[PDB]
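Asker: Okay, here's the structure, questions in a sec.
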Amino acid sequence: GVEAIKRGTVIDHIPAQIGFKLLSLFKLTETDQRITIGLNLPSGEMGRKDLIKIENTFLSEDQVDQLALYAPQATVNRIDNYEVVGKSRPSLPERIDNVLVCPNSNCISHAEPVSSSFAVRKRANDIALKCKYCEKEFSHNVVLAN
Amino acid sequence: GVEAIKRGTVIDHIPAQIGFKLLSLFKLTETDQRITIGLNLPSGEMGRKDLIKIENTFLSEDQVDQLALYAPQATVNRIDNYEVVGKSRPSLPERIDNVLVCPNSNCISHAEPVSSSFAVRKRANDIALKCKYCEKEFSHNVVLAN
Amino acid sequence: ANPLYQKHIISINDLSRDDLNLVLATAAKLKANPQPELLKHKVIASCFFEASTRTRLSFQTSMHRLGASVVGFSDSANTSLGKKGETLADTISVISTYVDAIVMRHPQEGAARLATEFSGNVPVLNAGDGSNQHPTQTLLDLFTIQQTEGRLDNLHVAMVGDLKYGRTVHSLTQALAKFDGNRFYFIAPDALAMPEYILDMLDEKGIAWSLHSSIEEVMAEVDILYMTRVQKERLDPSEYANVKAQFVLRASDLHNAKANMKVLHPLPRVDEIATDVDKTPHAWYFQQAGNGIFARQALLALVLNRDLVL
Amino acid sequence: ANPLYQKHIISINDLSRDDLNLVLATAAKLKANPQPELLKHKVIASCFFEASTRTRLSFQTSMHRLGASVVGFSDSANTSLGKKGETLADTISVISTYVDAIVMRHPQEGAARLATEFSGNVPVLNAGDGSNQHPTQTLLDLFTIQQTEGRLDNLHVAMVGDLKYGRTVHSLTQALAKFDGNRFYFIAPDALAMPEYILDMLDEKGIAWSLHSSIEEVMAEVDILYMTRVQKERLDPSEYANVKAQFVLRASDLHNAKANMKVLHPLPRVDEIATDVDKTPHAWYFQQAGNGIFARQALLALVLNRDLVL
Amino acid sequence: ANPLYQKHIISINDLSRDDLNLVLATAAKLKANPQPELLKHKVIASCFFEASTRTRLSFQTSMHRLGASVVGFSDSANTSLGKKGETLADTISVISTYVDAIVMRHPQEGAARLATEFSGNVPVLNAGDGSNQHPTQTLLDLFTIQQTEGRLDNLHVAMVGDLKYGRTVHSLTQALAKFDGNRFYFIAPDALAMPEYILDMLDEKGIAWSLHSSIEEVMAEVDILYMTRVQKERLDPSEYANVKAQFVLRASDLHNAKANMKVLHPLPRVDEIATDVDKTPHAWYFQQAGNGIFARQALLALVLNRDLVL
Amino acid sequence: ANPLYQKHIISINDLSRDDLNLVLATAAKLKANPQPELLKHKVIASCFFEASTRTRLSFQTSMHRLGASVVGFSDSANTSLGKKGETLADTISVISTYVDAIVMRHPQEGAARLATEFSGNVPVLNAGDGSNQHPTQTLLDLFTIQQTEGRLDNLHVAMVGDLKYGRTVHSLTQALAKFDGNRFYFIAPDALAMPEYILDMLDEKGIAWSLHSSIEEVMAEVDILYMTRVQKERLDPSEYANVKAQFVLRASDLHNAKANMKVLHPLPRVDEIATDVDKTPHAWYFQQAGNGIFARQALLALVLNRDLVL
Ligand SMILES: Nc1ncnc2c1ncn2[C@@H]1O[C@H](COP(=O)(O)OP(=O)(O)OP(=O)(O)O)[C@@H](O)[C@H]1O
Ligand SMILES: Nc1ncnc2c1ncn2[C@@H]1O[C@H](COP(=O)(O)OP(=O)(O)OP(=O)(O)O)[C@@H](O)[C@H]1O
Ligand SMILES: [Zn+2]
Ligand SMILES: [Zn+2]
């Protein structure tokens with residue numbers, strides 16, 4: 001894993017092959033700021049990890065929580081003046097607004113200008129994701145597949 | 001700055017925001033290998049740029065050429081024992097496959113199990129791409145909106 | 001302003017006990033001393049993108065019995081502009097510019113909830129969004145259960161038929177599960193049994209329920225028998241007919257039923273209730289249908305009116 | 001009697017400047033202080049022999065907002081007696097014996113003008129006769145242009161898309177060409193460009209117009225951008241998609257547009273306007289649609305009423 | 001004479017182990033040394049009352065591969081047969097006065113056995129009659145399992161998919177149960193489980209079968225994997241989807257199967273066998289399709305030819 | 001082996017001058033000394049996914065004229081193919097296991113070239129795929145121009161009609177541009193003009209073409225007049241009509257053409273060639289139709305037969 005930027009977020013120990021999902025998904029790539037991405041690194045235990053450094057951008061509490069389904073052990077270090085002045089972990093959110101697709105093909109959502117929304121519930125063992133529109137409950141296993 | 005590995009390919013001078021598009025389109029992340037990506041690296045040299053470093057991996061000929069539509073000026077570098085064993089730049093390939101989508105909405109390439117094939121022809125002011133299947137020729141601008 | 005003034009009525013689970021009651025109390029007032037000039041000058045739009053004549057005709061009668069004007073349609077086929085590229089979003093963005101409330105039935109689940117985001121302040125009411133919700137039917141089923149029994153608490157309600165797929169049985173269970181002391185007997189073919197999640201919720205609240213292979217096993221314990229139509233084509237024809245001595249009510253099965261037991265059905269009925277049942281005084285499905293008017297009048301009166309003095 | 005009392009509203013070119021204004025001034029009055037009992041006891045017939053839900057629903061809401069009753073239909077298929085040998089002539093000879101005004105949309109050009117000869121004294125209004133006229137849409141487009149800009153004179157209006165075939169663009173040009181100082185930029189695919197005769201009339205009056213290959217060339221000069229839907233099947237699919245970087249509006253093209261510039265479209269819209277346009281304050285198509293009510297109320301109020309005191 | 005001469009093939013239940021073996025041994029010789037003028041001068045009716053172009057095409061290629069002529073039709077999308085109250089009995093009574101054999105697919109279970117009573121002496125070969133039989137598709141399956149396995153006995157057969165309603169899988173179980181040492185594994189969601197009467201027939205003969213939840217538990221010992229289509233219409237849009245992870249076959253899954261393992265499927269294969277299984281040597285559903293030509297020819301030859309010496 | 005052996009005919013663009021000449025020289029010998037048992041024992045699929053009975057009938061007569069058997073279908077008016085999400089890839093992968101050649105017409109451009117990737121080694125002959133190719137109709141045109149003109153070079157070819165969308169005329173221009181000294185005259189209304197890329201290909205090879213307004217300007221030096229159908233749906237009812245005088249051919253018009261001049265047309269000819277041109281010796285569209293039999297047979301023979309010595 002690497003070294004210094006002044007000010008910015010460092011998201012370390014993102015599993016491996018998830019570091020790109022997160023970039024792709026939450027569009028962290030549409031800034032003008034330097035971003036450094038490191039893929040399939042050692043220096044985090046598991047050996048293999050992805051890491052993302054976005055300078056001058058700091059992620060909010062809820063943005064931190066959007067990582068949770070993907071990278072639940074991600075540490076979101078807050079850097080100011082070259083040093084880590086804060087560390088957060090992703091907690092589970094109540095609503096994963098925007099990034100998932102309801103597996104129910106007759107949901108109105110598919111065809112339309114609406115951002116998806118699912119109420120998240122139950123911790124770790126099974127996460128049930130309930131679509132806002134069709135009000136159908138699904139195992140995160142199915143939603144997080146197509 | 002992002003700058004040293006023992007062996008591999010360093011794709012340098014990718015013109016900003018294309019550096020992400022190249023990872024996705026050419027699926028460079030589906031390797032469990034050291035990748036260092038630097039997005040919106042300044043370099044007064046070109047204003048802003050992107051850089052992919054894939055380690056112990058060497059793109060070849062054809063692979064190098066596809067980049068031409070997207071990062072036409074990328075300097076691709078063979079790093080082979082801690083330094084530059086040879087450079088290359090994108091040459092326009094005679095056919096672009098798999099990455100482009102047909103504009104022809106009734107082109108059958110759309111429903112079926114088939115990867116797209118387009119043949120490149122630099123029609124004086126720009127490049128025209130004729131689809132393999134519907135044989136309709138299109139302005140690459142039309143094509144790259146898709 | 002009344003607690004439902006300008007609210008959107010989309011799903012039963014979105015209404016509290018106190019809301020169900022407010023609705024059900026208004027509905028009994030509008031029944032006895034009607035005010036047929038209360039929505040004088042409002043224009044409600046009846047948009048059936050899926051067509052249903054009995055629900056369309058019930059809601060439009062309710063709009064009329066309060067002196068309102070209707071504009072609206074139906075199809076189950078191409079309508080024209082609605083079909084020509086238009087997203088329900090745009091359809092709603094445009095009709096909320098014309099009318100005062102939108103009642104809408106649609107084939108895809110979540111249709112009326114997406115509408116809620118494009119109607120501005122115009123309330124939209126759900127007349128059935130795919131296999132999800134149909135809050136207006138359950139409100140008249142509860143008004144009828146309350147008006148025949150005296151209460152929505154401590155009832156032994158039996159639900160019969162296609163418990164797996166009928167919209168209505170699922171909403172009726174979630175709504176009665178907001179009141180206390182109820183007992184539910186579920187009588188379904190196991191290809192069509194009650195979903196796990198209805199049952200799971202019922203145990204979180206410590207609500208009593210049991211499963212029965214045939215109506216005769218509970219005939220004597222029951223207060224409300226909610227028949228649901230076993231929809232033939234979900235089964236093989238041979239499969240469908242093979243089942244025992246069925247789950248259809250005949251007048252002679254009513255011999256041991258309590259004096260206050262009523263039979264309810266959302267309609268259409270066909271071979272699930274035989275004609276001789278219509279004659280007995282436990283037959284209540286057509287009166288139920290009639291309470292459709294009064295229940296929907298309450299809901300219209302309440303969403304569209306500041307304070308109801310009745 | 002008002003100048004349009006008992007007149008037939010068939011075609012835009014049949015209304016003078018002073019008529020367009022009378023209409024447009026009434027429509028602003030009925031908007032602010034409405035009289036929802038003004039056509040109390042009239043019965044208007046809504047005859048859509050071609051079906052259009054948004055126009056049907058707009059006109060019927062207008063009939064209702066003035067306290068009138070509607071009888072009417074729609075089809076785009078066999079209706080029954082209307083189809084069984086009947087000539088539109090006979091259909092009209094018979095409904096003019098029942099109703100007070102006829103609003104009618106029909107597939108063949110000239111349908112509402114032939115009607116005028118068989119309706120006796122009953123006024124008939126055209127809701128769209130084939131590819132010829134649709135005077136009611138242009139009246140609400142002008143009411144909206146006037147209400148966003150302050151005037152119908154000295155406007156730089158840009159018309160976009162299928163200028164060859166869209167009814168609406170042709171009528172809007174003939175109507176604004178009755179006012180002074182207007183400038184028109186026509187942005188169309190040349191397979192679908194403006195007809196020669198619209199242009200020929202515009203030069204007889206010395207009216208300024210220019211042709212543009214893309215909206216960006218005029219983005220900054222424009223007051224009204226009238227988008228029209230490029231209808232896909234008139235072109236080859238490959239042909240249709242091939243065109244440049246299109247003629248579709250996106251929010252970022254609006255960056256250089258004046259503060260008072262509004263985007264208008266007759267609807268349906270689909271890929272001609274992207275959603276991010278809906279958010280910007282230049283998006284005006286749904287408010288436009290809403291002015292449908294007020295504009296058509298004026299016209300109904302005027303044809304059917306002796307003197308309007310408003 | 002050969003034992004299947006002039007015999008009507010209606011059911012797998014009417015064919016014996018020895019007949020299965022003779023039809024499969026003929027197909028073998030017909031695949032190897034083809035007899036293209038064997039049914040020379042014979043006219044076969046291919047009467048598809050239910051449209052099924054892939055079975056149709058197979059049967060008709062098979063008829064031409066042997067020199068037979070073909071007349072016949074495909075209806076469902078209305079030809080004319082079975083209207084003006086004409087009975088299937090009269091229809092077959094008239095077609096037997098021309099053709100030498102009748103091949104028919106019909107939408108009602110039992111039709112092919114009724115044709116049998118009116119054809120007199122023209123053999124009736126059943127290409128599918130409602131939810132009941134389809135012998136010709138079992139014969140091509142058996143011929144494919146024997147071609148690839150070398151055996152029809154002592155096999156380990158997994159049956160994956162909708163086994164409740166899968167007609168194909170019910171006959172292959174009854175056909176295979178005619179031979180020895182076969183072991184079955186049924187993998188199906190609970191609402192689509194192998195019906196009881198099949199399970200009873202298996203037990204009664206002493207045949208071994210287990211139920212599994214994932215294909216993965218059984219991959220290693222499986223010889224034949226018969227996939228069948230999950231008919232989405234038999235489940236909810238939401239039920240289908242949330243099978244928690246699904247029953248699709250993917251080439252990764254097979255990274256474990258024995259060398260001899262072959263994935264079969266009656267087709268269409270839509271969603272359930274992914275494209276990457278096609279490049280795998282285990283993929284055999286298309287080669288299965290082509291062996292229908294040989295099982296079909298065996299049958300037409302044996303039924304119409306008194307002593308076949310090949 | 002012959003050069004077209006086992007080769008798939010998909011486009012005119014993939015066939016060379018020499019191939020055009022070999023297919024046309026074969027047809028000549030097949031028209032003169034016919035070979036009715038050449039494709040004896042071969043089964044060809046005629047799969048018309050898009051219904052086109054005149055091409056169908058031609059291709060199938062051609063198959064029978066050579067002893068081939070035919071199986072296949074015509075859809076558009078629903079058979080069953082291309083539903084339950086079955087892909088064209090799987091459909092061709094299954095039909096290649098029976099037939100010796102596939103003839104297919106399909107509604108999407110590119111289909112025939114996709115079939116090519118899944119047929120393996122059964123040749124795929126394209127009888128029309130969307131707005132793109134149709135080699136078989138160019139080959140019969142070329143054979144008719146060579147039959148009557150004696151030459152395929154140094155010709156004066158007028159192309160009259162809808163050249164924008166005329167698929168037939170675009171391939172004949174590319175085919176004829178393969179030979180020398182040809183001069184073209186394009187006569188089309190402005191909205192239906194010969195698209196640019198054709199015009200570019202012509203110039204780039206040094207070929208001479210002019211645009212004319214009336215057929216009359218060019219009658220005297222024209223050798224081949226290829227009429228094409230003006231598709232009225234591509235124009236307004238009013239646009240079509242008022243072409244000021246029209247582009248119809250009438251026998252009076254030909255009172256001027258050279259002795260050798262022949263009027264060709266792909267058909268239907270509806271309004272554009274009047275009946276009196278039929279009695280004229282210049283009328284050749286029906287004789288053109290009958291030479292499709294010979295071009296079709298040439299092709300089936302060369303693709304399926306390794307060395308044809310006739
Ligand atoms: N100035 C900086 N610029 C960029 N990245 C930094 C900076 N400082 C720390 N990081 C990154 O932060 C990670 C280590 O930070 P930090 O000290 O917060 O870790 P920790 O989990 O608190 O570890 P520990 O107790 O072992 O010191 C590394 O991936 C270094 O990648
Ligand atoms: N050993 C290496 N490992 C990883 N990357 C390297 C290596 N050597 C060079 N690069 C990357 O190559 C870029 C500079 O290489 P190089 O000297 O080829 O550039 P140039 O364009 O020829 O510049 P110049 O003339 O200014 O030296 C840098 O982005 C540095 O990160
Ligand atoms: Zn949903
Ligand atoms: Zn294409």
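Note on naming: chains are A, B, ... as they come in the structure tokens, residues start from 1 per chain, ligands start from 1 in the order shown.
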How far apart are chain F and chain D by Cα RMSD after a least-squares superposition over every Cα, paired in order?

Answerer: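 The C-alpha RMSD comes out at 0.6 Å.
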
Asker: Counting only C-alpha atoms and all ligand atoms, what residues are within 9 Å of ligand 3, given as a list in words?

Answerer: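 What falls inside 9 Å of ligand 3 is residues 101, 102, 103, 104, 105, 106, 107, 108, 109, 110, 116, 117, 118, 130, 131, 132, 133, 134, 135, 136 and 137 of chain A; 109 and 110 of chain C; 238 of chain E.
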
Asker: Cα-based RMSD, chain A fitted onto chain B, all atoms paired in sequence order: value?

Answerer: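 Answer to one decimal place: 1.2 Å.
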
Asker: What are the residues of chain B lining chain E at 12 Å or less? Count only C-alpha atoms, and put the answer as a short mmCIF file (atom, residue, chain, number, x, y, z; two decimals) with N, CA and C atoms, in the first residue's frame.

Answerer:
```cif
data_model
loop_
_atom_site.label_atom_id
_atom_site.label_comp_id
_atom_site.auth_asym_id
_atom_site.auth_seq_id
_atom_site.Cartn_x
_atom_site.Cartn_y
_atom_site.Cartn_z
N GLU B 112 -28.83 -10.71 -30.34
CA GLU B 112 -28.06 -11.93 -30.36
C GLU B 112 -26.73 -11.99 -29.63
N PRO B 113 -26.39 -13.23 -29.30
CA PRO B 113 -25.07 -13.71 -28.88
C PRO B 113 -23.81 -13.41 -29.68
N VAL B 114 -23.57 -12.19 -30.10
CA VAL B 114 -22.49 -12.02 -31.03
C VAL B 114 -21.70 -10.78 -30.65
#
```

Asker: Counting only C-alpha atoms, which residues of chain C come no farther than 12 Å from chain D, as a ChimeraX atom specification?

Answerer: /C:40-49,67-75,77-100,118-120

Asker: Please find the residues of chain A near chain B - the criterion being any atom within 9 Å, counting only C-alpha atoms - and write them as number ranges by chain.

Answerer: A: 16-17, 20, 24, 29-41, 48

Asker: Once you have the residues from the selection above, write them out as a PDB file, in the first residue's frame, restricted to N, CA and C atoms.

Answerer:
```
ATOM      1  N   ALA A  16     -10.871  -7.265  -3.069  1.00  0.00           N
ATOM      2  CA  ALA A  16     -10.007  -7.367  -4.253  1.00  0.00           C
ATOM      3  C   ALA A  16     -11.079  -7.628  -5.305  1.00  0.00           C
ATOM      4  N   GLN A  17     -10.957  -7.077  -6.529  1.00  0.00           N
ATOM      5  CA  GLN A  17     -11.991  -7.063  -7.581  1.00  0.00           C
ATOM      6  C   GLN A  17     -13.264  -6.285  -7.193  1.00  0.00           C
ATOM      7  N   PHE A  20     -12.704  -1.810  -8.183  1.00  0.00           N
ATOM      8  CA  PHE A  20     -13.238  -1.293  -9.428  1.00  0.00           C
ATOM      9  C   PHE A  20     -14.758  -1.119  -9.369  1.00  0.00           C
ATOM     10  N   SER A  24     -16.717   2.328 -10.218  1.00  0.00           N
ATOM     11  CA  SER A  24     -17.655   2.272 -11.318  1.00  0.00           C
ATOM     12  C   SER A  24     -19.029   2.775 -10.927  1.00  0.00           C
ATOM     13  N   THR A  29     -14.893   8.561  -9.793  1.00  0.00           N
ATOM     14  CA  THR A  29     -14.050   8.918 -10.902  1.00  0.00           C
ATOM     15  C   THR A  29     -14.436  10.190 -11.642  1.00  0.00           C
ATOM     16  N   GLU A  30     -15.551  10.877 -11.333  1.00  0.00           N
ATOM     17  CA  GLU A  30     -15.965  12.054 -12.092  1.00  0.00           C
ATOM     18  C   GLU A  30     -15.647  13.370 -11.413  1.00  0.00           C
ATOM     19  N   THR A  31     -14.404  13.430 -10.948  1.00  0.00           N
ATOM     20  CA  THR A  31     -13.870  14.619 -10.322  1.00  0.00           C
ATOM     21  C   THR A  31     -12.714  15.062 -11.232  1.00  0.00           C
ATOM     22  N   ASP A  32     -12.230  16.260 -10.912  1.00  0.00           N
ATOM     23  CA  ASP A  32     -11.039  16.802 -11.561  1.00  0.00           C
ATOM     24  C   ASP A  32      -9.797  16.589 -10.681  1.00  0.00           C
ATOM     25  N   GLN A  33      -9.997  16.097  -9.453  1.00  0.00           N
ATOM     26  CA  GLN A  33      -8.920  15.891  -8.518  1.00  0.00           C
ATOM     27  C   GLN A  33      -8.144  14.619  -8.793  1.00  0.00           C
ATOM     28  N   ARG A  34      -6.872  14.632  -8.422  1.00  0.00           N
ATOM     29  CA  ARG A  34      -6.077  13.441  -8.482  1.00  0.00           C
ATOM     30  C   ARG A  34      -6.722  12.385  -7.613  1.00  0.00           C
ATOM     31  N   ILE A  35      -6.793  11.224  -8.232  1.00  0.00           N
ATOM     32  CA  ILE A  35      -7.235  10.015  -7.606  1.00  0.00           C
ATOM     33  C   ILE A  35      -6.089   9.059  -7.905  1.00  0.00           C
ATOM     34  N   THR A  36      -5.655   8.272  -6.949  1.00  0.00           N
ATOM     35  CA  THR A  36      -4.714   7.222  -7.224  1.00  0.00           C
ATOM     36  C   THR A  36      -5.437   5.977  -6.788  1.00  0.00           C
ATOM     37  N   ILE A  37      -5.319   4.896  -7.535  1.00  0.00           N
ATOM     38  CA  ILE A  37      -6.029   3.654  -7.271  1.00  0.00           C
ATOM     39  C   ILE A  37      -4.886   2.679  -7.275  1.00  0.00           C
ATOM     40  N   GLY A  38      -4.963   1.726  -6.390  1.00  0.00           N
ATOM     41  CA  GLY A  38      -3.964   0.693  -6.280  1.00  0.00           C
ATOM     42  C   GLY A  38      -4.784  -0.569  -6.209  1.00  0.00           C
ATOM     43  N   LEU A  39      -4.484  -1.540  -7.074  1.00  0.00           N
ATOM     44  CA  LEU A  39      -5.273  -2.757  -7.231  1.00  0.00           C
ATOM     45  C   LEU A  39      -4.440  -3.987  -6.939  1.00  0.00           C
ATOM     46  N   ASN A  40      -4.940  -4.895  -6.096  1.00  0.00           N
ATOM     47  CA  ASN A  40      -4.316  -6.171  -5.806  1.00  0.00           C
ATOM     48  C   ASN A  40      -2.934  -5.917  -5.212  1.00  0.00           C
ATOM     49  N   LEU A  41      -2.951  -5.162  -4.108  1.00  0.00           N
ATOM     50  CA  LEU A  41      -1.771  -4.786  -3.326  1.00  0.00           C
ATOM     51  C   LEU A  41      -1.627  -5.729  -2.147  1.00  0.00           C
ATOM     52  N   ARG A  48      -3.696  -9.493  -0.344  1.00  0.00           N
ATOM     53  CA  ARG A  48      -4.403  -8.882  -1.483  1.00  0.00           C
ATOM     54  C   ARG A  48      -5.536  -7.899  -1.139  1.00  0.00           C
TER      55      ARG A  48
END
```

Asker: List every residue of chain A that DSSP, applied to the backbone of this structure, places in helix (DSSP H, G or I), and write the result as a PyMOL selection string.

Answerer: chain A and resi 19-25+61-65+108-111+140-143

Asker: Distance limit 7 Å, reference ligand 1, atoms considered: only C-alpha atoms and all ligand atoms. Which residues make the cut? Give them as a CSV table (one decimal) with C-alpha atoms, in the first residue's frame.

Answerer:
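Generated file (result-v1.csv):
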```csv
chain,number,residue,atom,x,y,z
A,1,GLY,CA,0.0,0.0,0.0
A,2,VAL,CA,1.3,3.6,-0.7
A,3,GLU,CA,2.1,7.0,0.9
A,4,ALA,CA,1.1,10.8,1.1
A,5,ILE,CA,-1.4,13.2,-0.3
A,6,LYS,CA,-2.4,16.3,1.7
A,10,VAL,CA,-8.1,7.0,1.7
A,12,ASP,CA,-8.0,1.0,2.3
A,53,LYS,CA,-6.9,7.8,-2.7
A,77,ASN,CA,-9.2,7.4,6.6
A,79,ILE,CA,-6.4,12.9,5.8
A,82,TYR,CA,-0.5,14.4,5.5
A,83,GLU,CA,-1.8,12.7,8.6
A,84,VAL,CA,-4.9,10.5,9.3
A,87,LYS,CA,-10.9,6.7,10.6
```

Asker: If you measure from atom CA of residue 29 of chain E to atom CA of residue 175 of chain E, what distance in Å do you get, rounded to one decimal?

Answerer: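 So the answer is 21.7 Å.
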
Asker: Output as a PyMOL selection string all residues of segment 29-232 of chain D that backbone DSSP marks as strand (DSSP E or B).

Answerer: chain D and resi 43-48+69-73+80+83+101-106+124-129+133+156-160+183-187+208-211+224-227

Asker: As a ChimeraX atom specification, please: the residues near residue 28 of chain D (cut-off 9 Å, only C-alpha atoms, same-chain neighbours under 6 positions excluded).

Answerer: /D:143,147,294-295,298

Asker: Please indicate the distance in Å from atom CA of residue 190 of chain F to atom CA of residue 235 of chain F, rounded to one decimal place.

Answerer: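 Atom CA of residue 190 of chain F sits 11.4 Å away from atom CA of residue 235 of chain F.
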